[PDB]
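The data below hold one chain only, encoded as structure tokens and taken in the form deposited without 5-chloro-1H-indole.
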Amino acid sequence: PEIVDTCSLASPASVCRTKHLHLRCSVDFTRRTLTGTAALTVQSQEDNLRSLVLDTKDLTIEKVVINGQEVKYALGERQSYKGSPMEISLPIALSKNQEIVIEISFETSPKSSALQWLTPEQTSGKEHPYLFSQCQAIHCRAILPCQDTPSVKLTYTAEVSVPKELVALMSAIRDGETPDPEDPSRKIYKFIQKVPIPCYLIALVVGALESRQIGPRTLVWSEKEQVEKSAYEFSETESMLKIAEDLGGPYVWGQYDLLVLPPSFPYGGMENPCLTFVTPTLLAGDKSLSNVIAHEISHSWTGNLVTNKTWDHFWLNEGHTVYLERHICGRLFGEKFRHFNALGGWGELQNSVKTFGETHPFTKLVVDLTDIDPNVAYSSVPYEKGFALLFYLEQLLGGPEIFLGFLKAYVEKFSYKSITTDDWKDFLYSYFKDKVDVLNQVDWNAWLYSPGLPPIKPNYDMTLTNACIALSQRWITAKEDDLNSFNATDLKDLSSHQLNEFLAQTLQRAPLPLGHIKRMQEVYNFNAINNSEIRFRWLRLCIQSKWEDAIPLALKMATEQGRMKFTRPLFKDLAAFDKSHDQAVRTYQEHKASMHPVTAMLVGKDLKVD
């Protein structure tokens, strides 16, 4: 079983493995460059190893030092989104298992796809700049030379010099701070990550950060203006951690902190070890969007302990995590809620499959990313089709109690390892040996390798979903003279979640007549709702139903925050509506330079500009 990572240009794990990274760098806001040395302790896996290749992307290399002497290295031609391979000539051939340290002096480009540099005006405080990284999937190579593949796991230590007024934090345990001996206007923050991790989990943030403790092993960090709101919004964090520990085994990372980033953070959450990054769009005021914390917490087992070997097997990370996530919510709020969320996930899968096309390669559970930018293939498929498969197996094999026994042994079995779908499947068969008959009823080829919706849809309790569907159907089948019958009391017994699902169901049948949409605003006043998931769906419904009043509202939401999940579909809907098309494009052209590099690239592609 020889498997290569087609998204990486580095020497594979079968040739050599990075065991540790000692990073020493300075964050230069005036130049928007990170400069320093990356000392990689590498272990040869081959006899007579004389060179090796690392991934790099828009990096400027000053020199490479081994045994205190500069050595030869060469940068190959850039290969689009993969960057440029860096081949290093070892000064002395290595035997199998020999380890050496390679010190690389480098500097990042202001354009690094792993970073977003924000001016003071783009922050809450308005006085200090801010920097944040986002390495998943393959952007770590845009910060430092490395074997940018999740098939290799390393520990790391780091020293980061930053303006003394600011604070640095990383996906690691804080290991002290001191004034920078080479520059008194700076402070050096130190970090240590003793647990081997794939490099996509390396993370850094530098800004005017403050903290507040919200649990025995949790601090929430953000700019001062957001601290109080965040402490409240995420107060269930420790109870979610305890439940996750009960599902996957002991939490091995020490601390579990949360960092609430500026509005341009591209995801709802990112499971960086010891410090989960989250979007400020989660600050609904009622803790209603907390499934995102449950999800990132779950990656502490599925994703960070047991890791997908290559991005072709991404579903292993997300599928199991969404499955654990819904179990935490099920324990906190009831089995019927778990089913409600499961069913909602299926609807999101329908949307993705419909958007790409039912035969499209990106709708396969296991995808082949050779020549495909992972940012482009990213969708809800690995999450929901992966979740649907596990939920299907759960029902097939005897229920949640039994399948949760499998998930815990799976984590235990593959801790600190990087695996493929076959490893997963092999273990599933081993664990459920007394039920191979049942496992053999599964159409494996269709589930794992065929595009479109899964061959089978799991059974779902519909208790909580029914009222959402009923109301959605009343609006869709209503004619003009039925509009008067709608009234605020329709929403009387719906939770924010059900309100959201009601909108999701209606959005699947959009457009609705303009008159229906105006009436909906008249009786439900959806424009007043600040919950970002609800606002997102409501505005999409308004724009697709061609209500010009919603144009400025949609443009505003699309630009004041940058969570891709919201910004991309909003710009896309605005561009597809002829009345807002020109302004959408113009708005994008205008904000482009100040957006997240990756998000700007994807929106540009979606709008067919550039």
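So that there is no doubt, residue numbering starts at 1 and follows the sequence shown.
The PDB entry reports B-factors from which the mean C-alpha value can be compared for 563-571 and 27-35; the larger average falls on 27-35.
The stretch with the higher mean CA B factor, choosing between 348-356 and 217-225, is 348-356. Out of 254, 198, 513, 179, it is 179 whose C-alpha atom has the highest B-factor in the PDB entry.
The maximum CA B-factor among the listed residues 537, 320, 187, 385, taken from the PDB record, is found at 187. Per the PDB record, residue ranking by Cα B-factor puts residue 479 in the lowest third of the chain. Among all modelled residues in this chain, the alpha-carbon of residue 21 has a temperature factor (C-alpha) in the lowest third. In the PDB entry, a CA B factor belonging to the highest third of its chain's modelled residues is recorded for residue 69. Sort the chain's modelled residues by C-alpha temperature factor and residue 544 lands in the lowest third, per the entry. Sort the modelled residues of the chain by CA B factor and residue 52 lands in the highest third.
One more form of this protein should be noted, the form deposited with 5-chloro-1H-indole bound, which is absent from this view; the next part is about it.
None of 146, 471, 365, 102 but one reaches within 4.5 angstroms of 5-chloro-1H-indole in the entry with it bound through a heavy atom, and that residue is 365. For the candidate set 377, 252, 247, 483, a heavy atom within 4.5 Å of 5-chloro-1H-indole in the entry with it bound is found for exactly one residue, namely 377. Taking the partner from the other structure, 5-chloro-1H-indole in the entry with it bound has no heavy atom within 4.5 Å of any heavy atom of residue 388. Of the heavy atoms in residue 369, some are within 4.5 Å of 5-chloro-1H-indole in the entry with it bound. 5-chloro-1H-indole in the entry with it bound comes within 4.5 Å of a heavy atom belonging to residue 311.
Comment: 357-365 is the region of 357-365, 237-245, 114-122, 524-532 lying near 5-chloro-1H-indole in the entry with it bound, near meaning a non-hydrogen atom within 4.5 Å.
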